[PDB]
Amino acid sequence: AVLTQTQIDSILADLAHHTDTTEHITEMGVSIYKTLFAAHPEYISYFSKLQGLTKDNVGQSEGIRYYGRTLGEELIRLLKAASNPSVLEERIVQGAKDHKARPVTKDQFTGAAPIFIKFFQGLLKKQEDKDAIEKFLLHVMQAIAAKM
């Protein structure tokens, strides 16, 4: 549900070089999307700025960078908020607003959790942090879906 400050600090330390600049945070998000869209090319068309793109050219698009940055920034927001119940709930509310009335469904949203989790597990060094990010993202994405 929840992460301790120590856990957040450990996770952020590993992510520091992926998230230090706007360009890097954007590239981190694009990398998640490359994985998501390879697994679900039908999801490319869900995004207003990716209309017309396919699995063969989405990775090179300007549009994927727009979402890569929004996604990356929000993921770091969620992580930083993980030890503060009220701020985390604010982010979960924003999550629901971000995804309500969109082509993505509740089931597709929670169903994509393993893609995000496995991506982050790859970037983290300590097994305890790999375990932690899994618990956290599953919790967050279920909470967002429930409000949709």
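In case it trips you up, residue 1 is the first one in the sequence shown, and so on.
- Here the stretch with the larger average CA B-factor, out of 95-103 and 28-36, is 95-103.
- Between the stretches 37-45 and 111-119, it is 37-45 that shows the larger average CA temperature factor.
- Annotation for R69: CA B-factor lies in the lowest third of the chain's modelled residues.
- In the deposited entry, the Cα temperature factor of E134 sits in the bottom third of values across the chain's modelled residues.
- Split the chain's modelled residues into thirds by C-alpha temperature factor. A146 is in the middle one.
- Split the chain's modelled residues into thirds by C-alpha temperature factor. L15 is in the middle one.
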